[PDB]
Amino acid sequence: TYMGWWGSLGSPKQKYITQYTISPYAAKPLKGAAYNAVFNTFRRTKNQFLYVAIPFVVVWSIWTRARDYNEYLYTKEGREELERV
Amino acid sequence: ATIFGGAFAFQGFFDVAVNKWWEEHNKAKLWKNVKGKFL
Amino acid sequence: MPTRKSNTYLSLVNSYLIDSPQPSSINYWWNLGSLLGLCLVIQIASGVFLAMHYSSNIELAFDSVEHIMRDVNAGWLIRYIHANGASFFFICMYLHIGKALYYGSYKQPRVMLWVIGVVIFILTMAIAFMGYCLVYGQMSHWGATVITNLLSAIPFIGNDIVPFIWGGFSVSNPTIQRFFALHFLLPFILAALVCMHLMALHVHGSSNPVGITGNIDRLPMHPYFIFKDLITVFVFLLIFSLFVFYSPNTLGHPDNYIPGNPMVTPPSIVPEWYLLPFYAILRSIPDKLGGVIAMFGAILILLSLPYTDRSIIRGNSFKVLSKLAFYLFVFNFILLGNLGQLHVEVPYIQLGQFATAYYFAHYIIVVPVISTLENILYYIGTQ
Amino acid sequence: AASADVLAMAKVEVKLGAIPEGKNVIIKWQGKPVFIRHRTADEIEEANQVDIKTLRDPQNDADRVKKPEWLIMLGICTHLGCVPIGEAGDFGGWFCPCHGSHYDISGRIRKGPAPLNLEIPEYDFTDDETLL
Amino acid sequence: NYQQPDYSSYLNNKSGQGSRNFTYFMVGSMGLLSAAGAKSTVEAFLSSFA
Amino acid sequence: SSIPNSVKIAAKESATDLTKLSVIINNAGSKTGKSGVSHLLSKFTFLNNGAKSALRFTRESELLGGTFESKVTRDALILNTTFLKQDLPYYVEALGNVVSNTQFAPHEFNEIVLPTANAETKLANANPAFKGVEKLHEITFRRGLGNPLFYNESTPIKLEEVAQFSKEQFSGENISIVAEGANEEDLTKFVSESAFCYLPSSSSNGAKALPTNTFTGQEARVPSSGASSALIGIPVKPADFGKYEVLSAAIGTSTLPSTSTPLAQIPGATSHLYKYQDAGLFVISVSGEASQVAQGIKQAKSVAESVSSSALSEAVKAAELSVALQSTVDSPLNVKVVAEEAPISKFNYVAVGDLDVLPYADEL
Amino acid sequence: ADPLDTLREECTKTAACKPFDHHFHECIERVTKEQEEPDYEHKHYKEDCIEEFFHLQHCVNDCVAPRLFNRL
Amino acid sequence: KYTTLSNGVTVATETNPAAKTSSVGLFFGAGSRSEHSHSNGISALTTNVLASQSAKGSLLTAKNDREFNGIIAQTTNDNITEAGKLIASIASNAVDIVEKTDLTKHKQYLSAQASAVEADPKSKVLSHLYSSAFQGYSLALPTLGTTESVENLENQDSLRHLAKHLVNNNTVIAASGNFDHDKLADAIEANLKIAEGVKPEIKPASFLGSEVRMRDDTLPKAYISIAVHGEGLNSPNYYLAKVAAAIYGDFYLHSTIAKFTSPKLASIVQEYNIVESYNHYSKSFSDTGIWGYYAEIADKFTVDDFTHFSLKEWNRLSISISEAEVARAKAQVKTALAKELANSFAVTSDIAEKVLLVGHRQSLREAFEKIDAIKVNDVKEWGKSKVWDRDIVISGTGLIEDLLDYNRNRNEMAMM
Amino acid sequence: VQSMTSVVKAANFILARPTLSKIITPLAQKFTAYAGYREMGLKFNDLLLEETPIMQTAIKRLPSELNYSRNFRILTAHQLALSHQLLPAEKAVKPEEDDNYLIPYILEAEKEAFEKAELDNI
Amino acid sequence: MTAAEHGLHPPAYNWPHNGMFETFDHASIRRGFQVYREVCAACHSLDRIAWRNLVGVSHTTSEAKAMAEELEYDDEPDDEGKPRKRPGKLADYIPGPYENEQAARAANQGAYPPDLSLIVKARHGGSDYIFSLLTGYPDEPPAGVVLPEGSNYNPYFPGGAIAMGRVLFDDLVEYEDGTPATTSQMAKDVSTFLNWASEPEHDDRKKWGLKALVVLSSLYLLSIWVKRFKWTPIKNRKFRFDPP
Ligand code: HEC
Ligand code: HEM
Ligand code: HEM
Ligand code: FES
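Protein chains in written order, with the authors' numbering: chain F, 9 to 93; chain I, 17 to 55; chain K, 1 to 383; chain E, 80 to 211; chain M, 31 to 80; chain B, 11 to 374; chain H, 63 to 134; chain A, 22 to 437; chain G, 2 to 123; chain D, 43 to 286.
Here you go:
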C-alpha cells in the first residue's frame, strides 16, 4: 500500500526539519478570524473567480439565448416561426 | 450520567424561552387569544 | 495497549475515526463523506419510522402518507425529514462527486474506491426513485410508468422484463408493494456498499487539495477533522432545518400531492430534482434504447474517467485549463438538470442534445486532451 | 411475475352501442388505460386514402382496425408511455402529452419523439358490445 | 536551542486556568445542547409508537 | 574483623549518611571461571533467594529507598548496596541470602539473565574504546585477567555451570564485606547472625588461582563500524602502580577530566591505569574519526614518553587526587604515588574501526 | 366596496400599468375588427388578447400584491 | 558554615572528616540565563578559559550550568588551601587571563561540546525541551551556547561578561572536604581581589506549553521528553516535586529489575515492551522548573502508546496514588539526595548553586525532615495544582512519526 | 496516466521546431506561472503523482539533499494549504529554481520498465 | 408552453403566515371554514379533515361536536341486518356533497371539483394561487377567446378555461365576528383555511423550526469556536529546514 499506519506512513526519510508549535490555552483563538475571513477570502475569490466566471458566463449566455428564443416563439409574433419548426 | 440530566436544563430553557416568545409575537393570531371574539 | 486498540471492535472504530491518519491539508469538502454517512443514517432512521405507518397497498399508499402527515404525532416531521433529507443526501453526493472530480481522488491508488463510488451512486438513484414511487402521487405513478416503459426498450428481453417489474400489466398494487419492499431493503445493501467504500478508502487513505502525497504531514482524526466534521454536520443540519421546518415542499413537485390516477396524465412528467440531469440526457437521444443506454452511460462513464485522465499531476488545484474544463462541465451538468424539467420545445431539444454531447465529450475527449496538453505545458514551462 | 390474480381480468368487456358516432370514451382495459373509439365516416375514409408508405411507421389502418368503424387502441400515446391527449398532433388525432409528441388518428408514432403505432388493443367485438 | 517564532500576538490575554475553564463551559454546553436535541428527536420519533 | 568463616568485615564512617554497603567476592570475577561465567552470576545475584524472590526483594528494597547492583570486575564480583542508615539489618541479611541459596532458576536464565547479559554486552561493545580495552586485556594477559569481562555467545554457558560456579566460590575466605557509614560492631553482629555464617571456609573443588603470565609486544586489530579507537597497553607489576598513576595524571587520566593536560590537547585521547590484585594495565587510548585517531595515537605515544621528570613530579599531587577519587567502597585502592620514571617501550597495541586507516604497532 | 377592485383600479391608472392597458384595449379593438368580417369562422389563426391581458394583469398584480392585505 | 570576607564575598564550606577528597571553587552566577542570542555561550567560554589555567597540581574544571558558572579546583584534603589560593588568583586575574588568551582553541573546544550536546540524544532532547518551554527568554538558551554563536565570540565580549558578572555581590567561594574552614577562608581572603558591583538582575522566564519535533528518521530509536512547569529551588514544593517525580521513577527495559520495579508505569509498559527506557526528573532552576520524563522507545510503532500510558499514570497522581507509592517515592528521593551529595565535587557544586540561587542551603538532615513531612494528600494537592490538566512541553528526535501532535498528549492530561 | 517518456517525447517534438517553440514556450511559462503552485513553495516535480511504482522508485532513488528539500517543500505546501495563506513573492519559488530535478530519475525508471517489458516480449 | 397554458403566475401576497415566525391567523381559519361550509361544501369534499382537527384551531370542542351531530353518518347495520345511521361525532371526517366521483361529475357538467384537503400543497402557487383564482375572474373575458360551453375564463387556471365560475360575491356570508365580507376578504379567508387544511402542522412545524434553529445555530457557533481553538496549534506550526 501507499499509506501505512503512524509508525511508517510511507513518507521518505525525513530529517533536519524542526516543527515548532504552541499549545492551545496559550494561543489567541480566532487570532485573525475577523480580518482574515474578509481580506483572505476576498483574495482567494479574486484568484479563483475567472475559472468559475468564464464557464458560467458561457453557459448562462447560452441558456439566456435559448430561454429568450423559447419565450419569443410562444407569442402572437412567434407563431409563424414556431410553425416553421 | 450528568449528560442526561444536564440536557434537560438546556432543553427546558430553550423550550420555555421559545414557548414564551412565540405566544407573544403571535398573541394576536393564536386561537386561545381569538376565541373570545367568536364565542 | 489502550482499550481503543486492544479490543477488535474498538480497534476498528479507532482505525476509522480516532487515529485515521488524515492529511493535514484537507478542505471542508472532505467532510462531505461524513455528511453522506450521516444522511444515510437519517434516510434509514426516518425511513424506518415511516414504514411503521406506511401501508404499501396502492389504494392506501397516498392515504397512508397523509395519515402520517396528519395523524401520527411527529409524522409530518418524519416525512419531511425522510424527503428533504433524501434531497440533501443527493446534494451532498453530487458535492462529493464534484470534489472527487476536481481533485484527482479518482486517480491511480484509489481507482477501486472510485468504482464503489459509482456503484453507490447508481444504487442510490434506484433507491431514491423507488422510494418516490411509494408516495403514489400523480408524479410518482407516472414516473414509475415512464421508467418502466423506457426499460421496455431492451432488444429482446424488454417485452418480458417489464411485466416482471410491474408484477402485472401496468403500474399497480404489485408494483408499489415490490417497490416498498426493495426500497426498505436496498438502503442496507447501500450501507454494505458504504462499508466497502470506507475499506477502499482506508487501504490507501484520502487525497489532498494539493494532490501531492500527504504522508509527509498527516494528522490524527479525533481532535482534528472530527471537530471539523461537527462544523460541517451542524451547517448541514441548520440548512436541513431551514428546509424541513420552513418551506419543506420547495424541492418536491406539487403534482405529487394529487393521488395517482392512470386515466389522466399530468401536464408534465419530471423526476425529483436530483435525477433531472440524467432524465434530460434520456430525452436528448430519440431512440428509447439509445436513450436508456446513453443515460446509464452518463452514470457509468465515471468509471472510464480515471483512465481517460492522462494527467501526471493529481487534481485541478494547480491546473489552469483543467479547472476551466471542470467548471464548464459542472455548469453544463446544471444546464442538463434544468433542461430536464423543461418541456421538449423548439430550442430545448437542440440545446439538450448539445448539452448531452458535451457531457460525454468531457470524459472521452476534453479530460484526456486537456490533461495531455497540460502535461506538455508543465514540462515545457519548467524547462 | 403476474400473480394469477392479476392475469384474471386480462380480457375486460365493453358496451359498444352507447358511444356516439362522434365521441371518444376512455375505459380501463387489460388492467391498463385504453383509448376506445368508433370511427367517423370522413375519418375512416381519410385513413383509407392515407399512404402507409408515407408514414415512417410500417403500419396501415386496414390492419389496425378489425371491425371497420369500431377499433381498439391502447392508452399510452408514445412507445414509452405518454398519457394520450385527445385530437392533437401531426394529423390532429392525439398528443403524446408526456413529451408533447404527435400521435396520428391512426395512433402510429406520427411526429414528435414517437416510435411505433398505438397498439390496436388486441380485441374482439359483439354487436353493440366490445372485448379487449 | 534556537530562536522560536514570536507568538506574542497569538498569545491569549486570559488566565492560565481560566481559559480552560471557559473551554470546558462551551464544550459541555455543546454536549448538553446536543443531548437536548437528541432527546427531542428521540422523543418525537418514539411518540409515533404510541 | 572476621567470623569463623573467615569473612572479612570492614566498616568506616561516611560523609553522606548512607550505608554504602558492598560485598566483594575476592576471586569470583571474570578472571576465575570460564569466559563470561562471572557476568551471568552477577546477573543472578539479586533475583531469587531462598528467602525472598526477585519481585519481593526488589519491591521491599525500593520501599526502603535503597539501591542494589552487581558489577563484575576481573578480580572480584562486587555486590553494591546503598541505603539509609536505618536500613542495615535488612540489606545485610538479603546479601547473605544472595551469596547463599541463590535459586538460579532456568526461567531466569532464559528470561532475565541471558537477554540482559547480551544486551549489556552489545551496549558496552558498541563503544570502540571498551572493545579495544577488552581486546587489550585479552592479548596482554592471555588467560585470567584477559578473559572477556562480559558474557559472549562465542563461549556458551549453561545454567549448571553458573550454579556450580556460585557454589565452589562465594566461600568464607573468598568474600570481603565492606561498608561505609555503618558501625563495625553492629555490622559484625548482623553478618554473624545472617546467612554469611553458613558459608564454607574455602571452596573444596575450585578456586585454583593461576599465575598472571603477563605478555608484551603483542598487537591486535578488531574491525568495527562507526567510531574508531587505537589503544596502547603497558602491563605493570603491582609495585609499579605508583609510577604509572603519576604518569597517567601527568599526561591526563580518565578519572581527572580536565583540559590543559598534554593528552587532553588532542581530540578523544585519554589514559588510565587499570589496577588489579596481581597485575595492572596502563592504557593510553584515542577514539573518534579513524583519520583523527591515526595521528592521535602517535601523538599520545610520543607524549607518554618524553614527559619531563619535573612535570612528572608536579603531577604527583594530581595522581594522589586521582587515587583518592578511584578508591570507592567497592574498589579499595592502596597505591603510593611516587614520581619514579615509568617506561613505555614494552607496549601492546590494539586498533578498532577503520583498519585501513589506523596504523600498525610498527608505526607506534 | 372590496379593497381588491379599488386597488386594481388605482394600479391600472398608474403610469407603469398605463402602456399595458393601452396595448390591451387596442388589442380588443383589433380582435373585434377581426370578428367583424364574415370569414372569421374560417380563419385558421383567430387572434386573441390573452397575452396582452396577461401582461396587464402581471403588471397590476406586481402593484396590488404588497398592499392588499393591509386593507383586510 | 559561612564567612563573609572582605569585599563582601561569602565563603561557604561543608567540611566532613570522612570526605575522600576536598574541593574548592569560585562561582559567579550568570550562566546562559544571563546571556542573549548574539552573545550566547560567552559564560561557558569564559569559564573554560579560566579553568584552562595552570593547575599547580590540582584539578581545575569549569562548571557551566544554566544559571551559574564557576571554576572548581578538586584536590586532596591536605592541599586544599593551595587550591584555594589558586582559584582566588585565577579569579583576581580573570580579566588579565582573558585578555592574554587566544580564544581560537577554546572556541573549538566549546563548539565540540555544543555539538556533543546536539548529538547525545538525551542531551539534545532536554536542551530542546528547555528551549521551547522558556522560548522568548534567556533561559531558553543552551548552557554551552550554539555552534553558530560560539564562533562569533571575541575577547571583549568575555571581558564585558566578567566585568558585569564577576563581582563580589554575585560570587561565592564554595568548599567541601576535610579541612579547617578558617584556614581556607584566611588563605582565600589574602588572595581574592575582584571588582565591586551589584548583583546583576536575574532575567525573567515564564513557561510556555509548546512542542518541538526534530524528526530524524535515520536514528534507531525515538528519544522524546514531556514535562510541565515544575518547581524552582525557592518553591516549598521543591522536595514535593521530587517526590512526585520519584513516584514514577526510572526504568530500563534490559535491566534485571525491569520486571520488578515498583512503579506502575514500569509494569504497564512491559506487557508489550512499549518503551526501551525512561526516567522521570524534576529539573529546578532558580525560580522555575521542568517536571516530567525523558524516554527512549525502540519500537517506532509504540511512541503513542507510551505517551498515552505515561500521561494516564500522571493523571493517577491527582487521584489514586497510594501510601505505598508515596512512601517509596519519599525514601527514593531521600536516597537520591544523599547520593547526589557524596562526592566533594558534587557537594561544592550544590553549595554554590543553592547559595547563589536561593541564598540559603538546607542541610541534608533538614531536607530529610522536610521530605518525611510529606503525606499522600500533599502529593495529590501538588498533582492537582501543577500536573493535573496543565500545559505540557514536548520534544522528540527520531522516528517520532508515531508521536501524535500536541492536542492528543495535552488532552491526555485530564481524562479521568 | 501519461509516462514521462511520452511527455518528454512530446515536449522535445515541440521544442525542436522553432515555430511551435516560439508559440508555446511563452504560453508554457505563462501557464506555469498562473498554475499557482510556485506560490506555495512547490517545484513542478513535487506535484507529480507519487502513487505509482515507477514514481515510487524514482523518489526512492533520489539523493539525500534533494530528498530532504523535497520533504520540506511538500510539508511547507501542506502547511500553507492548511492555513489558507501563500508565500510572498520574494519567498515563492522563482522560475529559475523550478529546475526539473526529479525528471531524470523518473526517466531512468521508465527506461528500465520499458526495457523489461520489451524483453519479456522479445 | 404558451403563457395561457402555464396559467398566469399568481403574485406573492404578504399573508399573515408567510414569515418564518408567524402562525396562521386562526381568526382567518375560522372565517375561512365558515366560507367553506357556506359556499364550497356545495361542490367540494375536503375529506381528510375530521371535526376533531378543528378543536383548538378554529372551534371549541363543543362547537365541533355540535356541528358533528348536525350531520348523519352510516353506522354498522343493526343486528337485524338493516342499515342504520347515527349523528356525527368528532372522530368522523367532514362529508362531501357527492357520494362518488361519478355523482360529482354528473352534477357539474362533467367537471370534478377536486377534494380541497390538499389543494394548497397540490398547486404551484399554493395559497396565493387559490386567492388569485377566486378573485381572478374578469367581468369580461379577454377579447377573442372562445370558451367551451359551461366553462368560465380565469387567467390563473392552466388553459384559461375553468368549469368553476365565480362563486365569491360581496356580502355573501355574514361573518361570526362582524368582519366585513368583501369578496377579497372571503377569498383570503378561504385560502388561509385551505392552507391550514393542507398544512395542519404549520404552526407546530414553524415553532419546532424556531427551536431547532436556535439550538443548532448556537451549537454551530460553538463548534466553529471549538474547531478554531483546537486547530490553533496546527495553524500556528512553524518549520525550519537547516541542512549542512
Ligand atoms: C359549485 C359547483 C362550486 C362551488 C360552490 C365551488 N367550486 Fe370549486 N370547483 C367547482 C368545479 C366545477 C370545479 C372544476 C375545476 C375545473 O374545471 O378544472 C372546481 C374546482 C376547484 C379547484 C381546482 C382548481 C384547479 O385545479 O386549478 C379548486 C382549488 C376549488 N374548486 C376550490 C374551491 C373553493 C376554495 C371554493 C370556495 C367556495 C369553491 N371551490 C367553490 C365547483 C364549485
Ligand atoms: C440512502 C437511502 C434512502 C434514500 C436516498 C431515500 C429516499 C427517499 C425518498 C426521496 C423518498 C420519497 C418520499 C416522498 O417524496 O414523500 C422516500 C420514500 C420512502 N422511504 Fe426512503 N430513502 C432511503 C432509505 C430508506 C429506508 C432505509 C427506509 C426504511 C423504511 C425508507 C423508507 C421509505 C418510505 C416508507 C418511504 C415512503 C414515503 C412516504 O410514505 O412518505 N427509505 N425515500
Ligand atoms: C452514502 C454515500 C457515501 C459515503 C457515506 C461515503 C463515504 C466517504 C468518506 C467518509 C470519505 C472520506 C471523506 C471525504 O473524502 O470526503 C469519502 C471520500 C470519497 N468519496 Fe465517498 N462515500 C459515499 C458515496 C460516494 C460516491 C457516490 C462517490 C462517487 C461516485 C464517492 C466518491 C468518493 C471518493 C473517490 C472519495 C475519496 C476522496 C479522496 O480521497 O480524495 N463517494 N467517502
Ligand atoms: S410521452 Fe410517450 S414517450 Fe414520454
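Ideal Cβ positions, reconstructed from N, Cα and C, are used throughout, including at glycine.
_Within 9 Å, strictly: CB atoms of K:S311 and K:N375_ = Contact flag set, yes.
*asked:* Report the CB separation of A:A72 from A:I92 in whole angstroms; it is logged as a contact under 8 Å.
replied: The pair is a contact, with the Cβ atoms about 5 Å apart (cut-off 8 Å).
*Does the beta carbon of residue 423 of chain K fall short of 8 Å from some heavy atom of ligand 3?*
Examination of residue 423 of chain K is not possible in this model, given that chain K is present from 1 through 383 alone.
*Who are B:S281's beta bridge partners in DSSP?*
Partner(s): B:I294.
_At a CB distance below 9 Å, what residues from the region 26-45 of chain I approach chain M? Give them in sequence order._
Along the region 26-45 of chain I, going in chain order, the ones with a CB nearer than 9 Å to a CB of chain M are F26, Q27, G28, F29, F30, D31.
_To the nearest angstrom, how far is the alpha carbon of A:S370 from that of F:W14?_
Linking A:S370 to F:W14 through their CA atoms gives a straight-line distance of about 44 Å.
_Looking at B:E178: is its Cβ nearer than 9 Å to the Cβ of B:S214?_
Their beta carbons are under 9 Å apart, which means B:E178 touches B:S214 by this criterion.
*Return helix, strand or coil for B:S45, following the three-state DSSP convention.*
Residue state for B:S45 is assigned as coil, using DSSP reduced to three classes.
*Does the count of Cβ pairs from the region 204-216 of chain A and the region 106-123 of chain A closer than 8 Å reach three?*
Segments in contact, yes.
*asked:* Using a Cβ-based criterion (distance less than 8 Å to any ligand heavy atom), does D:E243 qualify as near ligand 2?
replied: For ligand 2, no non-hydrogen atom lies closer than 8 Å to the CB of D:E243.
_Between the CA atoms of A:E120 and A:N176 - distance to the nearest angstrom_ = Each residue's CA atom was taken as its position, placing A:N176 and A:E120 some 6 Å apart.
*Among the residues of its own chain, which have a CB less than 6 Å from the CB of K:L335, if the five just before and after it don't count?*
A355.
_Less than 8 Å separating the Cβ of K:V65 from some heavy atom of ligand 2?_
Flag set: Cβ of K:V65 near ligand 2.
*Near-chain K residues of the region 99-125 of chain E (beta-carbon distance less than 8 Å), N- to C-terminal order*: Those would be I105, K107, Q109, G110, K111, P112, in chain order.
*Report the option in B:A371, B:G216, B:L220 whose CA atom is closest to the CA atom of B:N157.*
Of the residues B:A371, B:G216, B:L220, the one whose Cα lies closest to the Cα of B:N157 is B:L220.
*Nonlocal neighbours in the same chain, by C-beta distance under 7 Å from D:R128, ignoring five residues either side*: Around D:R128, the same chain offers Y115, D117 as residues with beta carbons nearer than 7 Å, after the five sequence neighbours per side are excluded.
_Residue burial classification, B:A329 (beta-carbon count within 10 angstroms, cutoff 16)_ = With 16 or more other Cβ atoms within 10 Å, it is buried.
*Touching or not, the region 91-104 of chain E and the region 26-46 of chain G, by the rule of three or more beta carbon pairs under 8 Å?*
No: the two stretches stay apart, fewer than three of their Cβ pairs being nearer than 8 Å.
*asked:* Suppose you measure from the CA of K:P174 to the CA of E:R116; what does that come to, to the nearest Å?
replied: If I take the Cα positions, the gap works out to 30 Å.
*With a threshold of 16 other CB atoms inside 10 Å of the CB of F:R73, please say whether the residue is buried or exposed.*
Burial call: exposed.
*asked:* With the cut-off set at 9 Å, would you say D:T102 and D:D245 are in Cβ contact?
replied: Cβ distance not < 9 Å, so D:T102 and D:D245 don't count as in contact.
_chain H contact residues for residue 33 of chain D, given Cβ-Cβ distances below 9 Å_ = Any property of residue 33 of chain D remains undetermined from this structure, which presents chain D solely from 43 to 286.
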